[PDB]
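*Asks:* Take a look at the following structure, please.
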2 protein chains.
Amino acid sequence: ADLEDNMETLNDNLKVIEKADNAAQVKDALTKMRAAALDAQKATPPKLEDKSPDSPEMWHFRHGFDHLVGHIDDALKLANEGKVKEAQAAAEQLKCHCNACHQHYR
Amino acid sequence: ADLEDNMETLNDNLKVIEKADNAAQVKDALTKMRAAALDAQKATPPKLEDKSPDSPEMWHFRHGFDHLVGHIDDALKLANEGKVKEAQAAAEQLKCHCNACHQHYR
Ligand code: HEC
Ligand code: HEC
Ligand SMILES: [Co+2]
C-alpha cells in the first residue's frame, strides 16, 4: 500500500490486539502489522520528500520500522506460546514507538 | 536503594541529560539511570504488594524495565560516539516509556 494506508492498517490492528480475547486473533493482527510496517518502510514521508535518498534522516526513518518489526516479532512469540496476557502487553509497547516516529517525521 | 529513590535517580538524571554540555556528562547520567532502573526492577511497587512475583502484573512491571534499559543502552551508544544531540534526543524519548509503566503501576 502507500504509507498512509499502512499507517491505517497499523492503527486498526493495534486495537484488534487489545480487544482480542484469544491468542489466535492476537497472532493474525501482528502478522498484518508486520507486513504493513515493512511496506511503510519503503516510503518517503512528506517532510523528507525534498531530501536525499541516502539521507541520514532517511536511514533513521527506516530504522524506526525495523525497531517496530522487532517488537512485533517479540509479541508474536508471546502469542504463539499462548501467553495471551503477555502478548497484549508486549503489543502495547509499540505505542511509544508509533508516537516517537510521528513527533519527528509526521 | 528503595524504589522511590531509584525513580528519583531516573528523574534527576533526565534533567541532567537535559542540561548537559558534553558526551561525558550525558554518559554518566545514562550510566546512573541504567543502574537505577535495573535495581528498581527487582523491587515491588505498592500497587503490587498483594500479587505474586510471577504474576502477569509483576512480569509486565519487570519487562517494562527491560525495555527501558535497552533504550538507555541505545542512548549510551550514541553518546559514546560523540553525538550529544541525538543521545539527548533519545533520552527524552524515554519519557513515554516511563509514563507507559506509570499508567499501570504508579
Ligand atoms: C516511522 C518510523 C513511523 C512509525 C514507527 C509509525 N509511523 Fe505512523 N506515520 C508516520 C508518518 C511519516 C506518518 C504521516 C504520513 C503522511 O504522509 O501523512 C504517519 C501517520 C500515521 C497516521 C495518520 C495517517 C495519515 O494519513 O495521516 C496514523 C493513524 C498512524 N501513523 C498510526 C501509527 C501507529 C499506530 C503506529 C505504531 C503502531 C505508527 N503509526 C508508527 C511514520 C511512522
Ligand atoms: C515500570 C516499568 C516503571 C518504569 C519504566 C518507570 N517507573 Fe517511575 N514509577 C514506577 C512506580 C511503581 C512508581 C511508584 C513509586 C511509588 O512508590 O509510589 C513510579 C514513580 C515514579 C516517581 C515518583 C517518585 C516518588 O517519590 O513518588 C518518579 C519521580 C519516577 N517514577 C520517575 C521515573 C522516570 C523519570 C522514569 C523513566 C525515565 C521512570 N520513572 C520509569 C514504575 C516505573
Ligand atoms: Co523499543
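Order determines the names: the first chain of the C-alpha cells is A, the second B, and so forth; residues in each chain are numbered 1 upward, and ligands are numbered 1 upward as they are shown.
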Within 6 Å of ligand 1, counting only C-alpha atoms and all ligand atoms: which residues, as a ChimeraX atom specification?
*Replies:* /A:4,7-8,10-11,45-46,61-62,64-65,68,94-95,97-98,101-102,105-106
*Asks:* Considering only C-alpha atoms, extract the chain B residues located within 9 Å of chain A and return them as a list in words.
*Replies:*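 Matching residues, ligands excluded from the count: residues 56, 59, 60, 63, 64, 67, 93, 94, 96, 97 and 100 of chain B.
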*Asks:* Limited to C-alpha atoms, could you put the picked residues into a file as a PDB file, in the first residue's frame?
*Replies:*
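Written output follows (result_4.pdb):
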```pdb
ATOM      1  CA  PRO B  56       1.493 -11.155  34.838  1.00  0.00           C
ATOM      2  CA  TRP B  59       6.181  -9.670  34.840  1.00  0.00           C
ATOM      3  CA  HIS B  60       4.832  -6.610  33.000  1.00  0.00           C
ATOM      4  CA  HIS B  63       9.562  -6.225  31.425  1.00  0.00           C
ATOM      5  CA  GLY B  64       8.747  -2.500  31.410  1.00  0.00           C
ATOM      6  CA  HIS B  67      12.640  -2.244  27.590  1.00  0.00           C
ATOM      7  CA  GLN B  93      12.079   9.651  24.127  1.00  0.00           C
ATOM      8  CA  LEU B  94      12.462   7.567  27.329  1.00  0.00           C
ATOM      9  CA  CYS B  96       6.823   7.990  27.115  1.00  0.00           C
ATOM     10  CA  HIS B  97       8.138   4.623  28.328  1.00  0.00           C
ATOM     11  CA  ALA B 100       3.530   3.864  29.947  1.00  0.00           C
TER      12      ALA B 100
END
```
*Asks:* Any chance you could lay chain A over chain B, fitting all C-alpha atoms in order by least squares, and write the moved chain as a compact mmCIF listing (two decimals) with N, CA and C atoms, in the first residue's frame?
*Replies:*
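And here is the file that came out, result16.txt:
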```txt
# COMPACT_ATOMS: atom_id res chain seq x y z
N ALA A 1 19.09 0.80 46.08
CA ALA A 1 18.17 1.64 46.83
C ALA A 1 16.78 1.00 46.87
N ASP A 2 15.80 1.72 47.41
CA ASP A 2 14.41 1.30 47.26
C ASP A 2 13.80 1.97 46.04
N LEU A 3 12.80 1.30 45.45
CA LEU A 3 12.11 1.76 44.25
C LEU A 3 11.87 3.27 44.26
N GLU A 4 11.45 3.78 45.41
CA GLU A 4 11.18 5.21 45.56
C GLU A 4 12.44 6.04 45.34
N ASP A 5 13.61 5.52 45.74
CA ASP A 5 14.86 6.25 45.53
C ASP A 5 15.31 6.16 44.09
N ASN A 6 15.33 4.94 43.54
CA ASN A 6 15.70 4.74 42.14
C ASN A 6 14.90 5.65 41.23
N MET A 7 13.58 5.75 41.46
CA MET A 7 12.76 6.65 40.67
C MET A 7 13.28 8.07 40.73
N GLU A 8 13.75 8.51 41.90
CA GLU A 8 14.32 9.85 42.00
C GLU A 8 15.70 9.91 41.36
N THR A 9 16.52 8.87 41.53
CA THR A 9 17.78 8.85 40.80
C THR A 9 17.54 8.76 39.29
N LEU A 10 16.42 8.14 38.87
CA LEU A 10 16.01 8.18 37.47
C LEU A 10 15.54 9.58 37.07
N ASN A 11 14.76 10.23 37.95
CA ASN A 11 14.11 11.49 37.59
C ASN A 11 15.13 12.61 37.36
N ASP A 12 16.07 12.79 38.31
CA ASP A 12 17.01 13.90 38.21
C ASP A 12 17.91 13.75 37.00
N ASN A 13 18.36 12.52 36.74
CA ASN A 13 19.36 12.30 35.71
C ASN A 13 18.82 12.54 34.32
N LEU A 14 17.51 12.34 34.13
CA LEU A 14 16.88 12.72 32.87
C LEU A 14 17.05 14.20 32.60
N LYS A 15 16.99 15.03 33.65
CA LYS A 15 17.19 16.46 33.47
C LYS A 15 18.66 16.80 33.28
N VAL A 16 19.55 16.07 33.97
CA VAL A 16 20.99 16.27 33.77
C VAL A 16 21.32 16.12 32.29
N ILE A 17 20.81 15.05 31.65
CA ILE A 17 21.08 14.82 30.23
C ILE A 17 20.71 16.04 29.41
N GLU A 18 19.50 16.56 29.62
CA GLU A 18 18.99 17.62 28.76
C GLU A 18 19.73 18.94 28.99
N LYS A 19 20.16 19.20 30.23
CA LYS A 19 20.99 20.35 30.56
C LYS A 19 22.48 20.01 30.58
N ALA A 20 22.86 18.91 29.94
CA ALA A 20 24.26 18.63 29.66
C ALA A 20 24.62 19.23 28.31
N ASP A 21 25.86 19.73 28.21
CA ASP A 21 26.33 20.37 26.99
C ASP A 21 27.31 19.51 26.22
N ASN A 22 28.04 18.64 26.91
CA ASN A 22 29.03 17.74 26.34
C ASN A 22 28.59 16.29 26.49
N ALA A 23 29.15 15.45 25.62
CA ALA A 23 28.82 14.03 25.62
C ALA A 23 29.22 13.32 26.91
N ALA A 24 30.11 13.90 27.71
CA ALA A 24 30.65 13.18 28.86
C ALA A 24 29.81 13.30 30.13
N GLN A 25 29.04 14.38 30.28
CA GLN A 25 28.01 14.39 31.31
C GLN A 25 26.78 13.58 30.88
N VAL A 26 26.49 13.56 29.57
CA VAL A 26 25.44 12.70 29.03
C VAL A 26 25.71 11.24 29.40
N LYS A 27 26.94 10.77 29.13
CA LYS A 27 27.25 9.35 29.30
C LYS A 27 27.12 8.91 30.76
N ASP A 28 27.61 9.74 31.69
CA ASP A 28 27.59 9.34 33.09
C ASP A 28 26.18 9.44 33.69
N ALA A 29 25.34 10.33 33.17
CA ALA A 29 23.94 10.31 33.57
C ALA A 29 23.29 8.97 33.22
N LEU A 30 23.50 8.51 31.99
CA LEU A 30 22.90 7.27 31.53
C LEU A 30 23.41 6.07 32.31
N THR A 31 24.73 6.00 32.55
CA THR A 31 25.27 4.94 33.38
C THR A 31 24.51 4.83 34.69
N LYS A 32 24.16 5.98 35.26
CA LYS A 32 23.50 6.01 36.55
C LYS A 32 22.05 5.54 36.45
N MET A 33 21.32 6.06 35.46
CA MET A 33 19.94 5.60 35.25
C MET A 33 19.89 4.10 35.02
N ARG A 34 20.85 3.57 34.26
CA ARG A 34 20.86 2.14 33.96
C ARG A 34 20.90 1.32 35.24
N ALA A 35 21.84 1.64 36.13
CA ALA A 35 21.91 0.95 37.41
C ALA A 35 20.65 1.19 38.23
N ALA A 36 20.16 2.44 38.25
CA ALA A 36 18.94 2.78 38.98
C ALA A 36 17.71 2.07 38.42
N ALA A 37 17.65 1.88 37.10
CA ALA A 37 16.52 1.14 36.53
C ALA A 37 16.62 -0.33 36.89
N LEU A 38 17.81 -0.90 36.78
CA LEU A 38 17.96 -2.32 37.04
C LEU A 38 17.73 -2.63 38.51
N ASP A 39 17.96 -1.66 39.40
CA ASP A 39 17.69 -1.85 40.82
C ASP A 39 16.21 -1.76 41.12
N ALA A 40 15.52 -0.78 40.53
CA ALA A 40 14.07 -0.68 40.70
C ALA A 40 13.36 -1.93 40.19
N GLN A 41 13.94 -2.60 39.18
CA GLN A 41 13.37 -3.84 38.65
C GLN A 41 13.12 -4.85 39.77
N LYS A 42 14.05 -4.94 40.73
CA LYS A 42 13.92 -5.86 41.85
C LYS A 42 12.71 -5.56 42.73
N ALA A 43 12.10 -4.39 42.59
CA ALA A 43 11.09 -3.97 43.55
C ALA A 43 9.71 -4.50 43.18
N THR A 44 8.81 -4.37 44.15
CA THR A 44 7.42 -4.80 44.06
C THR A 44 6.58 -3.60 44.46
N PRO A 45 5.88 -2.96 43.53
CA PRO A 45 5.29 -1.63 43.81
C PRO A 45 4.06 -1.74 44.69
N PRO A 46 3.59 -0.60 45.27
CA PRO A 46 2.40 -0.63 46.12
C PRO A 46 1.23 -1.43 45.56
N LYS A 47 0.66 -0.98 44.44
CA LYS A 47 -0.56 -1.57 43.92
C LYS A 47 -0.34 -2.92 43.25
N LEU A 48 0.74 -3.63 43.61
CA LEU A 48 0.85 -5.05 43.30
C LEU A 48 1.49 -5.82 44.45
N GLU A 49 1.66 -5.19 45.62
CA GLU A 49 2.19 -5.86 46.80
C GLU A 49 1.35 -7.09 47.14
N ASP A 50 0.03 -6.90 47.24
CA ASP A 50 -0.91 -7.99 47.49
C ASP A 50 -1.24 -8.67 46.16
N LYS A 51 -0.20 -9.30 45.59
CA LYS A 51 -0.35 -10.12 44.39
C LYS A 51 0.87 -11.04 44.28
N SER A 52 0.76 -12.04 43.40
CA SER A 52 1.65 -13.19 43.27
C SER A 52 3.11 -12.80 43.10
N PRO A 53 4.04 -13.76 43.22
CA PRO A 53 5.45 -13.48 42.91
C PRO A 53 5.82 -13.79 41.46
N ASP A 54 5.14 -14.77 40.86
CA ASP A 54 5.19 -14.99 39.42
C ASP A 54 3.97 -14.41 38.71
N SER A 55 3.44 -13.29 39.21
CA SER A 55 2.28 -12.66 38.60
C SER A 55 2.58 -12.37 37.14
N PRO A 56 1.56 -12.36 36.27
CA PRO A 56 1.80 -11.84 34.92
C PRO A 56 1.98 -10.34 34.92
N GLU A 57 1.20 -9.63 35.74
CA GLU A 57 1.37 -8.19 35.91
C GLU A 57 2.68 -7.84 36.59
N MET A 58 3.34 -8.83 37.19
CA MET A 58 4.66 -8.64 37.79
C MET A 58 5.76 -8.83 36.76
N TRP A 59 5.64 -9.81 35.87
CA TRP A 59 6.64 -9.91 34.81
C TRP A 59 6.49 -8.79 33.79
N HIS A 60 5.26 -8.33 33.57
CA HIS A 60 5.08 -7.16 32.72
C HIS A 60 5.73 -5.94 33.35
N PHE A 61 5.63 -5.82 34.67
CA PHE A 61 6.23 -4.70 35.38
C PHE A 61 7.75 -4.72 35.28
N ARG A 62 8.37 -5.90 35.42
CA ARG A 62 9.83 -5.96 35.32
C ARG A 62 10.30 -5.81 33.87
N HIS A 63 9.45 -6.12 32.89
CA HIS A 63 9.84 -5.95 31.50
C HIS A 63 9.78 -4.50 31.06
N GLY A 64 9.00 -3.68 31.78
CA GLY A 64 9.09 -2.25 31.62
C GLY A 64 10.50 -1.73 31.83
N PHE A 65 11.20 -2.27 32.83
CA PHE A 65 12.56 -1.79 33.07
C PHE A 65 13.54 -2.33 32.04
N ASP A 66 13.35 -3.57 31.56
CA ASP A 66 14.23 -4.05 30.49
C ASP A 66 14.13 -3.14 29.28
N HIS A 67 12.90 -2.78 28.94
CA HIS A 67 12.71 -1.87 27.81
C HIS A 67 13.39 -0.53 28.06
N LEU A 68 13.28 -0.02 29.29
CA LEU A 68 13.96 1.23 29.62
C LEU A 68 15.47 1.08 29.51
N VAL A 69 16.04 0.00 30.04
CA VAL A 69 17.49 -0.20 29.95
C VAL A 69 17.93 -0.22 28.49
N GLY A 70 17.15 -0.90 27.64
CA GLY A 70 17.42 -0.91 26.21
C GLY A 70 17.55 0.47 25.60
N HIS A 71 16.55 1.34 25.85
CA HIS A 71 16.66 2.74 25.42
C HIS A 71 17.90 3.42 26.01
N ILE A 72 18.19 3.18 27.29
CA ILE A 72 19.37 3.77 27.92
C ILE A 72 20.65 3.30 27.23
N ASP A 73 20.79 1.99 27.01
CA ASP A 73 21.94 1.49 26.27
C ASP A 73 22.08 2.18 24.92
N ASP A 74 20.97 2.33 24.19
CA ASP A 74 21.02 2.96 22.88
C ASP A 74 21.55 4.38 22.96
N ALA A 75 21.08 5.15 23.94
CA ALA A 75 21.55 6.53 24.03
C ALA A 75 23.03 6.59 24.37
N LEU A 76 23.51 5.65 25.21
CA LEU A 76 24.93 5.55 25.51
C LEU A 76 25.76 5.39 24.24
N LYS A 77 25.29 4.55 23.31
CA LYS A 77 25.95 4.42 22.02
C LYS A 77 26.05 5.76 21.29
N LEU A 78 24.94 6.48 21.18
CA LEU A 78 24.99 7.81 20.60
C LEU A 78 25.97 8.70 21.36
N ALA A 79 26.04 8.55 22.68
CA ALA A 79 26.95 9.36 23.48
C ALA A 79 28.40 9.00 23.19
N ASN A 80 28.77 7.74 23.42
CA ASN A 80 30.16 7.31 23.31
C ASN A 80 30.78 7.67 21.97
N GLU A 81 29.97 7.81 20.92
CA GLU A 81 30.44 8.24 19.61
C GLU A 81 30.46 9.76 19.46
N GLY A 82 30.15 10.51 20.52
CA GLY A 82 30.16 11.95 20.47
C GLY A 82 29.05 12.59 19.67
N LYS A 83 28.03 11.82 19.26
CA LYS A 83 26.85 12.37 18.59
C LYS A 83 25.96 12.97 19.67
N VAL A 84 26.30 14.20 20.08
CA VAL A 84 25.75 14.76 21.31
C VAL A 84 24.27 15.07 21.14
N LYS A 85 23.91 15.74 20.05
CA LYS A 85 22.51 16.11 19.86
C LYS A 85 21.63 14.88 19.67
N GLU A 86 22.15 13.83 19.04
CA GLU A 86 21.37 12.60 18.90
C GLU A 86 21.08 11.97 20.26
N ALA A 87 22.10 11.88 21.11
CA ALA A 87 21.99 11.13 22.35
C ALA A 87 21.10 11.81 23.38
N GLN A 88 20.94 13.13 23.29
CA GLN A 88 19.97 13.80 24.15
C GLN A 88 18.56 13.51 23.69
N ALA A 89 18.36 13.44 22.37
CA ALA A 89 17.06 13.10 21.81
C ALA A 89 16.66 11.66 22.15
N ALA A 90 17.57 10.71 21.93
CA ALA A 90 17.33 9.33 22.34
C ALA A 90 16.90 9.26 23.79
N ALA A 91 17.64 9.93 24.68
CA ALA A 91 17.25 9.98 26.09
C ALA A 91 15.82 10.50 26.26
N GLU A 92 15.42 11.48 25.44
CA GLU A 92 14.06 12.01 25.55
C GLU A 92 12.99 10.98 25.15
N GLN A 93 13.36 9.90 24.47
CA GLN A 93 12.39 8.85 24.18
C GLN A 93 11.99 8.08 25.43
N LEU A 94 12.77 8.18 26.51
CA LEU A 94 12.43 7.48 27.74
C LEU A 94 11.13 8.00 28.34
N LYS A 95 10.80 9.27 28.08
CA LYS A 95 9.71 9.94 28.80
C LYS A 95 8.40 9.18 28.68
N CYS A 96 7.99 8.87 27.45
CA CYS A 96 6.78 8.11 27.24
C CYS A 96 6.80 6.81 28.07
N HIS A 97 7.93 6.10 28.09
CA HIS A 97 7.95 4.83 28.81
C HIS A 97 7.87 5.04 30.33
N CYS A 98 8.56 6.04 30.88
CA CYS A 98 8.32 6.46 32.26
C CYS A 98 6.82 6.59 32.53
N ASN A 99 6.14 7.39 31.72
CA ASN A 99 4.74 7.71 31.96
C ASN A 99 3.86 6.48 31.83
N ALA A 100 4.14 5.61 30.85
CA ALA A 100 3.28 4.44 30.65
C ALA A 100 3.35 3.48 31.83
N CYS A 101 4.52 3.31 32.44
CA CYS A 101 4.59 2.43 33.61
C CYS A 101 3.91 3.06 34.82
N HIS A 102 3.98 4.39 34.94
CA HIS A 102 3.23 5.08 35.98
C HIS A 102 1.74 4.81 35.84
N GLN A 103 1.20 5.06 34.64
CA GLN A 103 -0.24 5.02 34.43
C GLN A 103 -0.83 3.68 34.83
N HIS A 104 -0.06 2.61 34.67
CA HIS A 104 -0.56 1.30 35.08
C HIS A 104 -0.27 0.98 36.54
N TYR A 105 0.97 1.15 36.98
CA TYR A 105 1.42 0.55 38.23
C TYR A 105 1.73 1.55 39.33
N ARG A 106 1.71 2.85 39.05
CA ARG A 106 1.94 3.86 40.08
C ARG A 106 0.65 4.16 40.83
```
